[PDB]
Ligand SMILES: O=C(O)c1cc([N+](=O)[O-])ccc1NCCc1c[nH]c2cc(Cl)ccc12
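A lone chain, given as structure tokens: the form solved without this ligand.
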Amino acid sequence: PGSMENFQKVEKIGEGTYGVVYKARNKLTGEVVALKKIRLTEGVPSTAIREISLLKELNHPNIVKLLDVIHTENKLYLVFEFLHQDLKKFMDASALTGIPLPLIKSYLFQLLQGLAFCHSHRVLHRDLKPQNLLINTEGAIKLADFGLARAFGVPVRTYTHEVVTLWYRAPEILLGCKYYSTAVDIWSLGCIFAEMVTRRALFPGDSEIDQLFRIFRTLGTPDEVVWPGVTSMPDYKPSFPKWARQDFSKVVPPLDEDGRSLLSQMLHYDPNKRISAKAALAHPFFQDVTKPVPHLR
């Protein structure tokens, strides 16, 4: 329904998977929006094609809303609801206070809702990281940047291997499994849960092998007991050091029993055993969940 005429550009926000995002305001309704600009080579980029097609299907309070697509022959503008901040910046701003537990619990609950919705509509996000999780002043958190997303099938076939920002990338991708599915997004959220509690990334590797070894030193080097089939995985090597699994209470020390239980299920090695977003919603961790406003801004 839109035109570029009724939008006033305010400022650049950033660059995600593709294009550039600006804060803007609809002059007529007053609505503040985020505008994702795409310069149009190979035609319309696959990332745009996927992001638009899938976001039009994904209407949910914890998924960023795509409002309009404004199409010139040289320019493609995606009009999105505007959110106030990203989770990484919020965690940075919480350096000295910490993030109140009710807010961590609320954010995780909402992320899982948003994710369960994607997965129930056959969509993998594949780039869950704090930079892509956006918050507003009313306490909402929402999944954003669906540039790396894809529609999957039941059961899955082989998809793109080069997926998920390294620090948040699941062990099954790192080990070259032919098949990955919804469990990859849960892995990322589990890393993010830990990060909200400690305010530091759980597994900050700088190569794929470093990433794997950091995971192994925390969760133990996986064997055929914990993860049937690990040793036959494409990029498994018998030479991997065999680290003992640590006491989970030491992985994220402020977490209490319920929190630890949930995190351990989100970081289970075997994707089959790893908890679904749908199942995680009913975890006892969330028994007293509310939706308070952020304690800052």
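So that the term is clear: the rigid core is the largest set of C-alpha atoms that superpose within 1.5 Å between two forms. In this text, residue numbers run from 1 along the sequence as written.
FYI, the form solved in complex with this ligand isn't displayed, but the following is about it.
Ligand-free form, site status blocked: this ligand, modelled in by superimposing site C-alphas onto its pose in the bound PDB entry, brings 3 or more atoms within 2.4 Å of backbone or C-beta atoms. With the partner omitted here, the stretch from 150-158, 202-210, 100-108, 188-196 that lies within 4.5 Å of this ligand by heavy atoms in the bound PDB entry is 150-158.
When you look in the bound PDB entry, the only residue of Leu174, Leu76, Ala93, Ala140 with a non-hydrogen atom within 4.5 Å of this ligand is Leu76. Judged against this ligand in the bound PDB entry with a 4.5 angstroms heavy atom cut-off, the residues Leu262, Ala280 and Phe286 are out of contact without exception.
Of the heavy atoms in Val123, some are within 4.5 Å of this ligand in the bound PDB entry. In the bound PDB entry, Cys118 approaches this ligand with a heavy atom inside 4.5 Å. This ligand in the bound PDB entry comes within 4.5 Å of no heavy atom belonging to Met233.
Residue contact check for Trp167: none of its heavy atoms lie within 4.5 Å of this ligand in the bound PDB entry. Residues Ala144, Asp145, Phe146, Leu148 are the members of 126-148 with a non-hydrogen atom no more than 4.5 angstroms from this ligand in the bound PDB entry. The comparison between this form and the one not shown, aligned on the rigid core, picks out a single residue among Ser207, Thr137, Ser120, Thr160 whose CA moves by 2 Å or more, and that residue is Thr160. Relative to the superposed core, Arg25 undergoes a Cα shift of 2 Å or more between this form and the one not shown. Core-aligned CA deviation for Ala149 between this form and the one not shown: 2 Å or greater. Core-superposed comparison between this form and the one not shown: the CA of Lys75 exceeds or equals a 2 Å shift. In the bound PDB entry, the CA atoms of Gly190 and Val156 sit farther apart than in the displayed form, by at least 3 angstroms. Legend note: Cα of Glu162 to Cα of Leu212 is at least 3 Å farther in the bound PDB entry than in the depicted form.
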